[PDB]
Amino acid sequence: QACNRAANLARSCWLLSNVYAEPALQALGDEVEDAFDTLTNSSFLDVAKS
Amino acid sequence: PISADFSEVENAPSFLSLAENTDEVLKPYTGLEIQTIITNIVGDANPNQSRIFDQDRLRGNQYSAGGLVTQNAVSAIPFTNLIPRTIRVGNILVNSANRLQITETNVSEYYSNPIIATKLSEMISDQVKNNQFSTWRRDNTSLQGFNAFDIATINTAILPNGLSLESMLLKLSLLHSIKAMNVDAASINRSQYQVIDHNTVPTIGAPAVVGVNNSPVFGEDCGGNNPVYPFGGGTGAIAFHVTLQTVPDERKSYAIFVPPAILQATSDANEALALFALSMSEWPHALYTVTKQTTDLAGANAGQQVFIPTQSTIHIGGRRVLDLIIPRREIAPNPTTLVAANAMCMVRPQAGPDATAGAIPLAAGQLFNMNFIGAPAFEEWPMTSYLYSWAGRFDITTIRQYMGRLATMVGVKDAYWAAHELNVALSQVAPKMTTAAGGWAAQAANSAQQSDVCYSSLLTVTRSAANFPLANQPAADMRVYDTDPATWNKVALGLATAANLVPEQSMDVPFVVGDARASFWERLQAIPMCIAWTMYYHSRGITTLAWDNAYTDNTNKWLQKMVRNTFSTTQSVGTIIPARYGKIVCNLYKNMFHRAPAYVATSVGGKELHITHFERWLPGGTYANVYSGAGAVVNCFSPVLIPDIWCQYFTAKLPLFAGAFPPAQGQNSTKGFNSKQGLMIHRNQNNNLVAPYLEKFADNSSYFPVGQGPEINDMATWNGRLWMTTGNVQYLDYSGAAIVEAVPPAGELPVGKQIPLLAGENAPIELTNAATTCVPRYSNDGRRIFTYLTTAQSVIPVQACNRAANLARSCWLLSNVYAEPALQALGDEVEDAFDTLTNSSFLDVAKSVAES
Amino acid sequence: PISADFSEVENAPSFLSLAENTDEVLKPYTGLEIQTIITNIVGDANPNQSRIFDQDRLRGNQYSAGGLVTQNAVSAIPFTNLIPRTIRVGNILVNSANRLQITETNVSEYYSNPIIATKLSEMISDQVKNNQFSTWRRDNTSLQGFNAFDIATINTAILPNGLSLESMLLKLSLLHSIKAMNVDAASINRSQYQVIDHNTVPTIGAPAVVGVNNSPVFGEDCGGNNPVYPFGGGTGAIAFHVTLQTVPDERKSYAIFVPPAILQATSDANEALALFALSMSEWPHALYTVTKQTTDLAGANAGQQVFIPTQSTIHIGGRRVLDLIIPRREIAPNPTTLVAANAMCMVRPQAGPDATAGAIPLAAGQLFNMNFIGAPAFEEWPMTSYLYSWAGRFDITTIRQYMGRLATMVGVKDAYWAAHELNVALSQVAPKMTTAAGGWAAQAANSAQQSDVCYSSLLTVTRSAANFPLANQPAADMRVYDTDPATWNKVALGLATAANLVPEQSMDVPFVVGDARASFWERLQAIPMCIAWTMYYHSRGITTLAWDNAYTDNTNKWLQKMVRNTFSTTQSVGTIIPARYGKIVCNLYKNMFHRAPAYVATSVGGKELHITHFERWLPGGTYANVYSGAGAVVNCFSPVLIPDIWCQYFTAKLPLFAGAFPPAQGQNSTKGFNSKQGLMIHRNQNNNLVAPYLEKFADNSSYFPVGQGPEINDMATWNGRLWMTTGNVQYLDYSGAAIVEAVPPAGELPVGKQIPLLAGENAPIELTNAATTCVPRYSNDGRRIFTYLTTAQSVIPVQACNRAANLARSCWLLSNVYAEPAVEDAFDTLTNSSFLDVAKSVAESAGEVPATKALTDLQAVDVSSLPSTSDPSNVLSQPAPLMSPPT
């Protein structure tokens with residue numbers, strides 16, 4: 001059912017490098033860019049370009 | 001339509017789209033085509049029996065949430081007209097402890113379609129002007145058999161009003177439906193005898209016997225041989241005349257002329273005469289009783305059993321006394337002696353076959369002694385006894401003759417279909433649901449709760465409070481138009497015509513009348529009507545307590561306007577102004593079925609309008625609720641009578657929140673709706689409370705503002721059904737505190753009525769017979785209602801709304817819905833070769849249906 | 001048609017080509033198509049002169065795979081309507097140990113052609129409206145002597161359904177099929193008596209005797225001389241009347257007027273009354289019995305052997321009590337006394353020449369005492385006994401004359417031909433096949449397997465589980481239309497008409513009625529039906545066990561849709577809808593035989609759809625299988641019932657997968673298909689198993705994916721047959737594992753039934769009399785099925801698919817001929833013109849009379865008030881006419 005994309009599976013991970021933990025509920029809100037991410041967007045892309 | 005997949009429920013129409021006005025003219029929705037939905041049905045375990053005695057039920061295969069298949073499971077047809085008066089208990093008939101249901105009605109007057117004068121009347125009034133009618137002789141008469149002086153004096157009246165025929169034809173149709181029970185047992189389905197008393201089995205061997213004033217309890221006999229009207233008591237009066245000169249003063253203004261056309265209507269002119277008399281007097285005059293042989297569920301204890309038809313208890317009209325003018329077969333001057341008056345008549349009035357007692361006893365076949373100008377004494381008969389005599393001889397074939405004659409004299413088509421609509425809306429009746437976790441349930445035998453019942457309108461019916469004859473304070477249900485005697489006489493004699501008075505062929509009389517299947521068709525027509533009301537009471541979350549108090553005791557302005565606008569109001573002249581929101585319900589009916597309800601002319605100040613049975617109920621009623629096992633009242637839910645499968649499997653279209661769940665274990669099994677569409681969750685994890693994704697609040701998060709109520713949002717109602725169909729829902733408020741309304745014992749939902757099984761049939765499983773769509777949102781106190789689960793119970797369903805999980809629910813395997821395997825090894829999408837060979841021939845059917 | 005070379009099989013039409021729907025109009029399949037081939041007869045001839053007693057076999061020379069030629073080889077005709085009731089064992093006649101077969105019908109009202117009121121009823125309504133100006137009770141003319149009030153009630157409140165006449169005509173054709181047996185033996189095939197009992201030999205010297213309620217076993221004499229219903233177990237009631245007013249009030253809504261267009265003969269009119277009473281009550285009213293003299297195989301022992309016709313076992317529920325209203329002899333007041341009533345009858349009813357016992361005994365020829373007004377006591381008779389007394393007197397020539405008088409009131413040609421099609425579909429029946437290596441086999445005498453049987457649709461027939469009368473009822477097998485008494489009453493008197501009810505210029509019936517050759521023809525009409533159903537089932541690879549459980553199966557989803565669309569369980573807008581895939585079998589029949597099946601109409605909102613007998617079966621039966629030599633069941637195959645020579649020798653066009661193996665011709669014999677056709681050989685982990693070239697998807701499935709099943713490929717099915725037709729195949733899994741289904745003892749295939757030979761005949765050899773086209777592919781649990789050979793056994797067949805080698809197979813030595821679909825008397829030539837105009841006038845005769853509205857208008861007080869002026873008549877809209885429209 002997971003291959004068929006009608007279920008999820010569970011595996012261990014490393015919490016490194018932008019990977020965060022997932023809560024058991026998952027109460028989603030409207031998609032929302034955070035204001036701090038918009039304040040720092042350009043300065044962040046400059047690094048990737050460099 | 002039931003859903004085979006979740007794509008079918010995403011693509012369902014919104015409630016607002018279906019409530020929209022449609023402009024095209026549509027066909028009537030007869031039980032002759034509703035019939036075929038019960039017959040002609042998917043399922044292989046089914047023994048497709050021919051007799052209509054056995055086509056009483058909804059049969060089908062089912063599929064469990066655990067993946068098991070159940071064959072030939074059963075759902076009962078909810079409505080009936082019969083009311084039991086003997087009740088089986090302990091496998092034996094026992095006298096009933098509950099009082100009879102009663103219905104009441106108010107008259108209105110009909111200014112629509114004002115009459116136009118014929119050339120005949122205009123030349124007569126012209127002669128009155130140029131002469132003084134002095135040309136005419138003492139003995140001049142028309143071919144009809146009335147003398148000219150009477151026609152001339154009747155001509156002199158001027159009338160504002162049209163003519164209606166409604167109350168007339170309604171009485172005729174109620175009597176028709178009572179007489180339609182007399183056919184053989186094979187022709188009436190047995191489920192009708194056990195909707196209330198579910199411990200009883202009717203026998204196919206003998207026809208039901210229709211009598212009158214034979215009831216066991218509560219003064220139901222109505223005095224027996226001396227017959228007194230069931231409401232108010234007392235006898236009426238009836239008299240016969242050759243001229244209106246002989247009718248006593250203060251009654252001369254109210255006399256009816258009987259045209260010879262009524263007299264030649266049937267082989268026995270006295271029968272046609274009594275039929276006309278019953279048609280234009282107050283109803284009921286007596287209480288008819290249906291007796292049917294029955295046996296024990298084991299078959300052990302057979303006996304006769306009594307039932308009281310619902311048509312027999314409706315109250316209409318008020319004309320206790322009347323005078324009838326009869327045609328004279330000879331051209332003669334008005335009679336001076338008795339024998340002259342007897343010889344003079346076209347046919348002398350007579351008593352019927354069944355004799356009666358009293359202060360004025362009537363021997364069977366007794367002949368009336370006609371009135372004359374000499375008056376040693378005025379002469380007269382008791383009217384209830386005169387109708388008690390002919391009560392046994394009325395018959396549906398003769399009624400078919402009579403209707404044909406009327407159709408020839410004046411068109412009866414439209415008017416009779418409308419009257420038949422009112423007959424269905426008033427007489428068809430279903431018991432209040434009981435709550436369960438499982439598939440079937442019922443209230444205790446001879447319990448008061450067993451006998452609580454409701455209209456298709458979901459208004460509970462009034463019960464009598466004392467022994468008959470009644471002396472009650474009336475509690476009327478709906479308004480009806482009345483047939484006016486003077487406007488009658490202007491038309492009976494060629495003096496006037498109207499636009500709706502066009503004569504018709506006998507062939508055009510609607511086919512229901514005189515047909516023996518009609519009883520069955522009656523029940524069927526009740527089902528679509530409910531569906532419409534059900535979709536009206538469910539789109540908003542208002543609870544039954546809030547409906548019980550909006551008109552009489554609540555300080556919230558919004559409920560007040562709400563209950564107020566669902567019903568009709570009077571005009572300054574006293575004419576009906578049609579219910580404002582009722583127009584919505586009509587629209588629903590025409591969008592879900594593509595068929596129309598009957599329309600009737602109405603006017604506001606000289607402006608044309610229509611009215612349906614949807615717009616003619618009176619404000620101030622009490623609403624349908626449900627019972628817990630052990631019979632405690634619960635009223636948290638919005639009102640409900642019938643299971644979802646009925647709403648789902650008869651519609652051509654239903655609004656999105658009411659769709660059926662798809663079968664368990666497939667890809668695209670039941671799901672929900674989330675933020676992206678536009679929803680937001682409420683949480684209360686400090687108290688173990690989580691609620692589904694819901695509508696965004698508008699300053700109405702805990703209390704609704706005065707003057708506003710919950711909005712229509714199909715998807716939140718859907719999510720609320722998902723939370724409910726899980727095992728242990730909890731109905732609390734915004735803080736997680738208890739609501740004022742009574743609540744079901746935990747996990748229970750209302751479910752369909754139990755009936756005894758035929759061999760090879762199974763009880764329905766799970767929530768396959770549950771009603772689910774009635775999710776509360778608005779309480780009597782004005783607070784919001786929330787469906788909660790605990791934080792753990794609520795974790796999968798959140799993932800399903802979020803579309804990263806599937807849910808599992810029971811289903812019916814009908815109409816293109818198939819079972820789902822536990823594996824789901826999908827292949828490449830592949831149209832089957834047989835589906836391509838048959839594609840065109842299949843689409844042709846749909847196109848042919850689209851035409852219709 | 002039989003292939004002569006491999007070029008002919010290789011160029012045969014694909015299955016999808018023949019299942020396409022076709023647009024052209026076509027003539028009916030009369031069964032003479034087979035008669036030209038399997039018999040001497042070339043033109044119309046006396047059945048007695050032709051001795052069609054001996055014309056009951058396929059005959060011809062056969063060629064063996066070893067190269068010898070067998071002459072005068074034979075194959076039996078599979079079908080029959082006779083069920084043996086005494087059976088021969090040990091050369092001695094003895095009673096049957098097996099209970100009787102039964103069938104059940106579904107009967108309901110459905111929409112037909114739209115209906116309309118005639119000119120004459122507009123006349124009657126005008127008469128009532130013009131009367132209303134008077135003081136006089138005579139409202140209208142009293143048509144054909146019936147009471148004017150009765151015409152007034154019959155002429156009111158018409159139903160929008162239309163009228164069908166189907167159940168009526170069925171009962172009449174079932175009875176015609178039963179009495180047809182009574183003719184002399186020279187005109188009935190011997191084979192018909194020995195399809196099931198192969199040990200008995202009927203004598204040509206005496207005609208068979210048809211009777212009623214005689215059977216020795218299991219209570220099958222339903223009361224005997226004191227008759228009761230075979231299914232209900234009760235007794236009916238029948239009452240006769242001059243007017244409707246004497247009919248008891250409980251059942252005045254069910255009464256039927258008897259038209260006087262029948263009963264016009266100098267004789268046989270009371271018999272016509274009994275027959276009309278039979279065509280509108282419940283069927284069967286009794287169990288009929290065929291009795292025939294027969295003898296042992298040596299011709300030594302001789303005796304009267306008992307058979308039950310299949311037509312007498314199939315239930316069609318109808319009314320049990322009934323009331324008929326006899327035409328009056330002259331317009332007159334209703335009778336008040338008995339003598340006035342008896343004197344007034346046009347035809348006075350009486351019992352037939354056969355006495356009955358029980359309460360209300362009936363003497364032969366007994367007259368009925370008519371009911372009348374003010375009568376001290378209502379009179380009626382039990383109906384089962386009234387139909388009992390006439391039962392032995394009905395015969396074919398009288399039914400023909402009756403039906404011919406009936407023809408002049410209403411159309412009955414197409415309707416009868418359709419009901420006759422249904423007769424043949426429910427009645428002709430074949431025994432299940434036995435597996436073997438050789439050409440012939442049969443089950444043990446007087447065994448359950450000997451008597452197990454099937455429809456032309458490959459569905460088994462259910463048995464009784466208890467003594468007659470049957471306390472309970474079987475699931476319905478098929479659904480038919482009913483005939484309403486009300487609309488019958490309106491139409492019989494001329495008050496209404498519709499397009500299917502129009503009288504036809506032939507003024508005559510179908511050719512089958514009134515012929516002594518009818519049994520032979522009905523026996524031959526079942527063959528095409530099976531050819532089309534077997535092509536249907538063998539195009540796909542599903543096994544009998546998988547069909548047998550398909551409806552409820554949740555292992556696979558495609559199998560469910562597949563079962564569900566083969567039956568009639570859909571409706572719309574108040575009316576019946578045909579099975580979605582039955583149209584495919586219907587399409588196949590037209591493309592293969594170049595003929596059209598009979599059909600009825602259904603109106604859907606006013607649009608007409610055709611329905612053939614293919615589209616009206618109901619779910620619940622069990623599919624046909626085959627037995628082992630020991631009588632054990634075999635599940636592995638697709639359903640089968642007949643040998644494939646019948647399929648391939650009587651078609652104009654045949655699907656490629658089903659063709660015959662071509663004859664040896666020097667170097668070249670048989671040929672297969674390979675990777676150049678887009679096929680591939682299948683190999684597994686086991687090196688000693690090989691399967692033929694098959695479709696490429698077969699490599700990537702061992703279980704079919706849910707929502708998908710095996711595809712049509714004709715070539716892969718061909719190689720599947722080539723593998724099976726070797727005497728040593730394995731029916732196995734992708735891995736070489738055993739499948740769940742029961743398999744035959746090794747190398748065997750199902751073969752046709754054995755019958756005793758005539759002098760000079762030889763039994764069929766090898767596989768010349770076997771089904772072969774039944775190649776399994778879909779296991780019950782979802783696995784694919786493969787046919788395996790060992791490597792060494794594999795080499796020649798693979799090279800034959802490569803067309804490097806040649807296979808050796810038996811064949812019939814027969815040619816192809818398929819006939820075109822195709823009398824004036826001197827008197828007819830003398831009268832042809834007058835017949836041509838009068839026949840044209842009858843087509844519009846309707847309810848018409850020469851008087852017009854313009855004449856009747858002059859006789860009116862006021863023309864504008866006439867309902868005919870304000871309501872000119874229209875055809876009714878469906879499902880319902882508009883009522884109370886919004887202005």
# chains A, B, ... in the order shown; residues from 1 in each chain; ligands from 1

$ interface_residues --of "chain A" --to "chain B" --cutoff "6 Å" --atoms "only C-alpha atoms" --output "list in words"
residues 7, 25, 29 and 30 of chain A

$ select_by_dssp --residues "range 650-683 of chain B" --states "strand (DSSP E or B)" --output "VMD selection string"
chain B and resid 680 to 683

$ write_last_selection --atoms "N, CA and C atoms" --output "short mmCIF file (atom, residue, chain, number, x, y, z; two decimals), in the first residue's frame"
data_model
loop_
_atom_site.label_atom_id
_atom_site.label_comp_id
_atom_site.auth_asym_id
_atom_site.auth_seq_id
_atom_site.Cartn_x
_atom_site.Cartn_y
_atom_site.Cartn_z
N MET B 680 -9.84 24.14 9.11
CA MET B 680 -8.90 24.23 10.24
C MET B 680 -9.33 23.36 11.43
N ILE B 681 -8.41 22.59 12.00
CA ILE B 681 -8.68 21.82 13.23
C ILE B 681 -8.77 22.61 14.53
N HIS B 682 -9.69 22.19 15.39
CA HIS B 682 -9.74 22.57 16.79
C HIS B 682 -9.15 21.47 17.66
N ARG B 683 -8.23 21.81 18.55
CA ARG B 683 -7.68 20.83 19.46
C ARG B 683 -7.91 21.19 20.91
#

$ interface_residues --of "chain B" --to "chain C" --cutoff "6 Å" --atoms "only C-alpha atoms" --output "VMD selection string"
chain B and resid 27 33 36 40 to 42 44 47 to 48 50 143 to 144 183 261 264 401 414 503 to 511 598 to 599 819 821 825 to 827 852

$ write_last_selection --atoms "C-alpha atoms" --output "CSV table (one decimal), in the first residue's frame"
chain,number,residue,atom,x,y,z
B,27,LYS,CA,-43.0,15.0,-15.0
B,33,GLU,CA,-41.7,3.7,-11.7
B,36,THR,CA,-38.9,-1.0,-10.2
B,40,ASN,CA,-34.7,-5.6,-10.5
B,41,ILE,CA,-31.8,-5.5,-8.1
B,42,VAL,CA,-28.2,-6.8,-8.0
B,44,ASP,CA,-27.3,-13.6,-6.6
B,47,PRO,CA,-34.9,-15.5,-5.0
B,48,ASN,CA,-36.6,-13.0,-7.3
B,50,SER,CA,-43.0,-12.4,-8.4
B,143,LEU,CA,-84.3,19.3,-19.8
B,144,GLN,CA,-82.1,18.9,-16.7
B,183,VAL,CA,-58.2,-6.9,-2.4
B,261,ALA,CA,-75.0,13.8,-14.2
B,264,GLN,CA,-76.4,8.7,-14.1
B,401,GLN,CA,-66.9,5.2,-12.8
B,414,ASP,CA,-54.8,18.2,-12.2
B,503,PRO,CA,-64.2,19.1,-19.7
B,504,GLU,CA,-62.0,16.1,-20.3
B,505,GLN,CA,-62.2,12.5,-21.6
B,506,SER,CA,-62.9,9.7,-19.2
B,507,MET,CA,-59.7,8.0,-20.5
B,508,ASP,CA,-57.6,10.7,-18.9
B,509,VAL,CA,-58.5,9.9,-15.3
B,510,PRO,CA,-55.2,9.2,-13.4
B,511,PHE,CA,-54.4,5.5,-13.4
B,598,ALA,CA,-48.0,19.0,-8.0
B,599,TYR,CA,-48.6,22.7,-8.4
B,819,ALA,CA,-15.4,-5.9,-3.1
B,821,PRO,CA,-9.0,-7.5,-2.0
B,825,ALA,CA,-1.7,-5.7,-6.8
B,826,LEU,CA,-2.3,-3.0,-9.4
B,827,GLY,CA,-1.6,-3.5,-13.0
B,852,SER,CA,-36.5,11.8,-20.1

$ residues_around --residues "residue 99 in chain C" --least-positions-apart "4" --cutoff "9 Å" --atoms "only C-alpha atoms" --output "NGL selection string"
:C and (217-218 or 463-467)

$ residues_around --residues "residue 271 in chain B" --least-positions-apart "2" --cutoff "8 Å" --atoms "only C-alpha atoms" --output "number ranges by chain"
B: 266, 268-269, 273-275, 390, 393-394

$ residues_around --residues "residue 241 in chain B" --least-positions-apart "4" --cutoff "6 Å" --atoms "only C-alpha atoms" --output "list in words"
residues 324, 325, 326 and 371 of chain B

$ residues_around --residues "range 585-588 of chain B" --least-positions-apart "4" --cutoff "10 Å" --atoms "only C-alpha atoms" --output "PyMOL selection string"
chain B and resi 15-23+529+531-536+566+580-581+592-594+596-597+612-615+653-655

$ write_last_selection --atoms "N, CA and C atoms" --output "PDB file, in the first residue's frame"
ATOM      1  N   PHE B  15     -24.670  21.444  -1.956  1.00  0.00           N
ATOM      2  CA  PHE B  15     -26.057  21.660  -1.555  1.00  0.00           C
ATOM      3  C   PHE B  15     -26.612  22.925  -2.186  1.00  0.00           C
ATOM      4  N   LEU B  16     -25.799  23.970  -2.286  1.00  0.00           N
ATOM      5  CA  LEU B  16     -26.293  25.211  -2.858  1.00  0.00           C
ATOM      6  C   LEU B  16     -26.620  25.092  -4.330  1.00  0.00           C
ATOM      7  N   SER B  17     -25.868  24.265  -5.034  1.00  0.00           N
ATOM      8  CA  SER B  17     -26.100  24.041  -6.452  1.00  0.00           C
ATOM      9  C   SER B  17     -27.450  23.372  -6.705  1.00  0.00           C
ATOM     10  N   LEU B  18     -27.846  22.507  -5.780  1.00  0.00           N
ATOM     11  CA  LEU B  18     -29.076  21.754  -5.888  1.00  0.00           C
ATOM     12  C   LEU B  18     -30.293  22.508  -5.376  1.00  0.00           C
ATOM     13  N   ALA B  19     -30.051  23.567  -4.617  1.00  0.00           N
ATOM     14  CA  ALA B  19     -31.122  24.359  -4.042  1.00  0.00           C
ATOM     15  C   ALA B  19     -31.484  25.480  -4.991  1.00  0.00           C
ATOM     16  N   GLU B  20     -30.741  25.556  -6.087  1.00  0.00           N
ATOM     17  CA  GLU B  20     -30.915  26.578  -7.107  1.00  0.00           C
ATOM     18  C   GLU B  20     -32.185  26.360  -7.936  1.00  0.00           C
ATOM     19  N   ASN B  21     -32.817  27.446  -8.378  1.00  0.00           N
ATOM     20  CA  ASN B  21     -34.033  27.348  -9.178  1.00  0.00           C
ATOM     21  C   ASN B  21     -33.821  26.696 -10.533  1.00  0.00           C
ATOM     22  N   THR B  22     -34.695  25.760 -10.873  1.00  0.00           N
ATOM     23  CA  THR B  22     -34.711  25.192 -12.212  1.00  0.00           C
ATOM     24  C   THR B  22     -36.019  25.573 -12.891  1.00  0.00           C
ATOM     25  N   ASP B  23     -35.926  25.932 -14.165  1.00  0.00           N
ATOM     26  CA  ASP B  23     -37.016  26.609 -14.849  1.00  0.00           C
ATOM     27  C   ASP B  23     -37.897  25.655 -15.656  1.00  0.00           C
ATOM     28  N   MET B 529     -40.269  12.085  -0.754  1.00  0.00           N
ATOM     29  CA  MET B 529     -40.667  13.278  -0.015  1.00  0.00           C
ATOM     30  C   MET B 529     -39.757  13.490   1.192  1.00  0.00           C
ATOM     31  N   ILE B 531     -36.771  12.411   1.647  1.00  0.00           N
ATOM     32  CA  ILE B 531     -35.383  12.616   1.334  1.00  0.00           C
ATOM     33  C   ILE B 531     -35.217  14.113   1.256  1.00  0.00           C
ATOM     34  N   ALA B 532     -36.203  14.788   0.672  1.00  0.00           N
ATOM     35  CA  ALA B 532     -36.078  16.219   0.467  1.00  0.00           C
ATOM     36  C   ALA B 532     -36.056  16.932   1.807  1.00  0.00           C
ATOM     37  N   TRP B 533     -36.967  16.557   2.697  1.00  0.00           N
ATOM     38  CA  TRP B 533     -36.982  17.184   4.005  1.00  0.00           C
ATOM     39  C   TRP B 533     -35.728  16.861   4.774  1.00  0.00           C
ATOM     40  N   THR B 534     -35.217  15.659   4.552  1.00  0.00           N
ATOM     41  CA  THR B 534     -34.043  15.229   5.272  1.00  0.00           C
ATOM     42  C   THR B 534     -32.868  16.074   4.847  1.00  0.00           C
ATOM     43  N   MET B 535     -32.869  16.542   3.607  1.00  0.00           N
ATOM     44  CA  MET B 535     -31.704  17.275   3.179  1.00  0.00           C
ATOM     45  C   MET B 535     -31.798  18.711   3.640  1.00  0.00           C
ATOM     46  N   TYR B 536     -32.967  19.089   4.148  1.00  0.00           N
ATOM     47  CA  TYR B 536     -33.199  20.458   4.590  1.00  0.00           C
ATOM     48  C   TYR B 536     -32.809  20.631   6.048  1.00  0.00           C
ATOM     49  N   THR B 566     -39.971  28.860   7.408  1.00  0.00           N
ATOM     50  CA  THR B 566     -40.155  27.543   6.830  1.00  0.00           C
ATOM     51  C   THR B 566     -41.627  27.241   6.622  1.00  0.00           C
ATOM     52  N   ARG B 580     -41.659  30.753   2.696  1.00  0.00           N
ATOM     53  CA  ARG B 580     -40.581  31.337   1.904  1.00  0.00           C
ATOM     54  C   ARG B 580     -39.444  30.347   1.655  1.00  0.00           C
ATOM     55  N   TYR B 581     -39.026  29.613   2.681  1.00  0.00           N
ATOM     56  CA  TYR B 581     -37.960  28.642   2.493  1.00  0.00           C
ATOM     57  C   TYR B 581     -38.460  27.330   1.908  1.00  0.00           C
ATOM     58  N   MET B 592     -32.743  16.419  -7.336  1.00  0.00           N
ATOM     59  CA  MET B 592     -32.333  15.095  -6.927  1.00  0.00           C
ATOM     60  C   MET B 592     -33.052  14.001  -7.698  1.00  0.00           C
ATOM     61  N   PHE B 593     -34.179  14.335  -8.317  1.00  0.00           N
ATOM     62  CA  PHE B 593     -35.019  13.319  -8.941  1.00  0.00           C
ATOM     63  C   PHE B 593     -35.370  13.627 -10.372  1.00  0.00           C
ATOM     64  N   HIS B 594     -35.286  14.904 -10.727  1.00  0.00           N
ATOM     65  CA  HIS B 594     -35.678  15.410 -12.042  1.00  0.00           C
ATOM     66  C   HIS B 594     -37.152  15.151 -12.320  1.00  0.00           C
ATOM     67  N   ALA B 596     -41.298  16.456 -10.773  1.00  0.00           N
ATOM     68  CA  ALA B 596     -41.909  17.590 -10.088  1.00  0.00           C
ATOM     69  C   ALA B 596     -43.056  17.195  -9.180  1.00  0.00           C
ATOM     70  N   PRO B 597     -43.234  17.978  -8.119  1.00  0.00           N
ATOM     71  CA  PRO B 597     -44.412  17.917  -7.250  1.00  0.00           C
ATOM     72  C   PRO B 597     -45.591  18.650  -7.886  1.00  0.00           C
ATOM     73  N   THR B 612     -47.351  24.086  -3.307  1.00  0.00           N
ATOM     74  CA  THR B 612     -47.126  22.649  -3.291  1.00  0.00           C
ATOM     75  C   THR B 612     -47.412  22.218  -1.859  1.00  0.00           C
ATOM     76  N   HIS B 613     -47.435  20.917  -1.574  1.00  0.00           N
ATOM     77  CA  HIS B 613     -47.609  20.450  -0.204  1.00  0.00           C
ATOM     78  C   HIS B 613     -46.436  20.847   0.691  1.00  0.00           C
ATOM     79  N   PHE B 614     -45.279  21.106   0.086  1.00  0.00           N
ATOM     80  CA  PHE B 614     -44.105  21.629   0.787  1.00  0.00           C
ATOM     81  C   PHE B 614     -44.346  22.983   1.446  1.00  0.00           C
ATOM     82  N   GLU B 615     -45.218  23.801   0.867  1.00  0.00           N
ATOM     83  CA  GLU B 615     -45.424  25.146   1.394  1.00  0.00           C
ATOM     84  C   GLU B 615     -46.717  25.358   2.160  1.00  0.00           C
ATOM     85  N   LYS B 653     -29.092  12.391  -7.952  1.00  0.00           N
ATOM     86  CA  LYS B 653     -28.036  13.267  -7.458  1.00  0.00           C
ATOM     87  C   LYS B 653     -28.255  13.553  -5.983  1.00  0.00           C
ATOM     88  N   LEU B 654     -27.186  13.572  -5.196  1.00  0.00           N
ATOM     89  CA  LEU B 654     -27.266  14.039  -3.818  1.00  0.00           C
ATOM     90  C   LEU B 654     -26.115  14.980  -3.525  1.00  0.00           C
ATOM     91  N   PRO B 655     -26.302  15.887  -2.560  1.00  0.00           N
ATOM     92  CA  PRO B 655     -25.235  16.790  -2.127  1.00  0.00           C
ATOM     93  C   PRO B 655     -24.075  16.045  -1.481  1.00  0.00           C
TER      94      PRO B 655
END
